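Chain residues, written in single-letter form:
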Amino acid sequence: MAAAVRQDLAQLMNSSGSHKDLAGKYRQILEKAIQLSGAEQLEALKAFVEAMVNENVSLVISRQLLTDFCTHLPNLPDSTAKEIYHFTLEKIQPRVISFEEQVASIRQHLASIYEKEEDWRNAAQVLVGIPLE
């Protein structure tokens, strides 16, 4: 069902309702993305992340749901968590000045999946990228 995710996210990109009307609808598609299974889940989340970083989707919507997105990936296995995390860190890279609270929390969960699987190199290199000071 990875064809009604790009459909529903597209129409809400330009609406005429308040933040409660739109942020409530967008988080309902996060349900449609996470509930998928196999290799069909893997592309529906990529549709969700590109819509948030989009310039046609407001900044009040982008910092609200990428917070909820970052805590829905500790649920999934280490094969899908690491796949989707690296997708979220190079679509937020074009505008890394805006979502630094997301870039901080996303890169921390990524370094834990690395170290777990005997990766003592790339876990560190991701924490270097976190713009602390």
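Per the conventions used, each chain is numbered from 1 along its written sequence, independently of whether this matches the entry, and residues without coordinates are not displayed. Note: displayed chains form a subset of a larger assembly, with all reported quantities computed for the displayed subset only. Hydrogen atoms and water are omitted, and side-chain values are computed over all heavy atoms in the structure.

Caption draft 1: View of helix α3 (residues 41-53). Taking 1.5 Å per residue, 13 residues should reach 18 Å; α3 reaches 19 Å between its end C-alpha atoms and fits that length. Residue contacts are defined here by distance: any two heavy atoms, one from each residue, within 4.5 Å place the two residues in contact. Strands here are runs of E lasting at least two residues and helices are runs of H or I lasting at least four, both read from the DSSP assignment and numbered beginning at the N terminus. Buried residues along α3 sit in contact with α1 (5-11), α2 (19-34), α4 (59-70) and α5 (78-88). A helix's residues, less one, multiplied by 1.5 Å, set its expected span.

Caption draft 2: Structural detail: the packing of α4 against helix α6 (residues 100-116). Where helices are involved, their axes are fitted lines through C-alpha atoms of the stretch in contact, as for all axes, and angles between N-to-C directions lie from 0 to 180°. Two elements in contact, α4 and α6, have axes whose closest approach is 10 Å; the angle formed by their N-to-C orientations is 10°. One element, α4, and the other, α6, form an angle in the roughly parallel class. In this structure, α4 uses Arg-63, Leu-66, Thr-67 and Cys-70 to contact α6, whose residues at the interface are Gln-102, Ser-105, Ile-106 and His-109. Each residue gets one label: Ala, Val, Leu, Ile, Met, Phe, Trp, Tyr, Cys and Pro are nonpolar, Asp, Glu, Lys and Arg are charged, and the others, such as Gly, are polar. Residue composition of the contact of α4 with α6, grouped by class: three nonpolar, four polar and one charged. These descriptions rest on fixed angle ranges, namely under 35 degrees for roughly parallel, over 145 for roughly antiparallel, 65 to 115 for roughly perpendicular, and the rest for oblique.

Caption draft 3: Spatial organisation of the nonpolar core. As used in this record, nonpolar core signifies buried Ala, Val, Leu, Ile, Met, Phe, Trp, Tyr and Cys residues forming a set joined through side-chain atoms within 4.5 Å. With a 1.4 Å probe rolled over the protein chains alone, any residue whose accessible area is under 20% of its type maximum counts as buried; one over 50% counts as exposed, and the rest are partly exposed. Among the nonpolar cores identified, the biggest contains 41 residues, and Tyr-26, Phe-48, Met-52, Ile-61, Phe-69 and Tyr-85 are the most heavily contacted of them. Where this core is concerned, the elements lending two or more residues are α1, α2, α3, α4, α5, α6 and α7 (122-129). Apart from the residues within four sequence positions on either side, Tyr-26 is in contact with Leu-9, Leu-12, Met-13, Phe-48, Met-52, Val-57, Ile-61 and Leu-65.

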